[PDB]
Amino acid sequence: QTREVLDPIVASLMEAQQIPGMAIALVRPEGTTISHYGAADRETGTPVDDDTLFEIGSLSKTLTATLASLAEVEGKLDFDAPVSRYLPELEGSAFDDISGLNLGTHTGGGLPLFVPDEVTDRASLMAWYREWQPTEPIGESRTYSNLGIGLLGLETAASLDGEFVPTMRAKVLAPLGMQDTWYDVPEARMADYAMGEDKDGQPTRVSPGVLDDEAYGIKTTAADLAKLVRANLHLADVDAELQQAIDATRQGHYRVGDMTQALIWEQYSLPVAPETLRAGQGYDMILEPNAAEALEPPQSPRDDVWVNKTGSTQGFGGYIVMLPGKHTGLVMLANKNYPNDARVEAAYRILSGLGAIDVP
């Protein structure tokens, strides 16, 4: 049925991009369909199944955003407040002028993409933040950033008086029922941990690193992510504060050309062209500063949009698309880092094929 539309697109996708295995969740009002394809590990041939864990990379950022938003709903975190209010060890730095909202929208003054090599632990990280000088106007320019969302994770953890991972597990993952979601894959589940393949056909698995948890560290199943997506689409029953936290992550905060930056989530008004989506996932959007105009009539969550987030590691590639107006969402996880253009095309074809959008 749904599988009739889905399966040939995935097969062609996996053949065209030589992806060993995929896990796919389609969320709709009527229920969720989970599909697994191919091998969790090319060398061993172990099949992808209900238990297979995939590195989701920057998809992790949506959880980080969600926890941040929940701290805000509980009144423990103020989004427009200076970051140094919750992290006094940054008092007197640029983070007297940068808010948690800036960090969640990548408008923190040009805070760079990658954690620098000199930063090896928490203490060298906080020293790096104290000394860093903005290179872009705060709140007026977007630079996609691991350091920024990372800091939002640390700001959030302080505001909740807890450690990031257990606090995420207790306040977001457990209540969403996301029990196959891990930051550090336990020894007992290593057999379910899919092996990544890089662009050269080589086995690869993500290494620990500074701010890994906050920015890119999650290993999970497609079904678990579908639960986050379910909740975003108002198709789950969750704690009222959690739902409100989740809803607030889709508030539009900045216009960035054709893209609206919400809280980590990025969105486009419908109808959207695939080329517009592709431009969102390209060099010009991801790897350059883009002018960003604040929406302070803070836009209420919209029901006429394409909401998405890509996430990758060296050996993994993931994509989440939500269409709130159609109560429809799509999660695609692969143990290959294949081009974002191809993720976009496959998503669009799936959703168009399902009748959830129209091509012209």
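Numbering starts at 1 and follows the sequence shown.
- A summary of the deposited B-factors shows that, of 124 to 132 and 283 to 291, the stretch with the larger mean C-alpha value is 124 to 132.
- For the pair 310 to 318 and 296 to 304, the mean Cα B-factor is higher in 296 to 304.
- The PDB entry assigns the greatest CA B-factor among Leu277, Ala248, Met168, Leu90 to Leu90.
- Highest C-alpha temperature factor among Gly177, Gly109, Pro271, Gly104, as the PDB entry reports it: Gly177.
- Ranked by Cα temperature factor within the chain, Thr328 sits in the middle third according to the deposited record.
- Sort the modelled residues of the chain by CA B factor and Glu214 lands in the lowest third.
- In the deposited entry, the Cα temperature factor of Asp258 sits in the bottom third of values across the chain's modelled residues.
- Among the modelled residues of the chain, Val27 sits in the highest third by CA temperature factor in this PDB entry.
- Placement of the Cα temperature factor of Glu15 within the chain: highest third of the modelled residues, per the deposited record.
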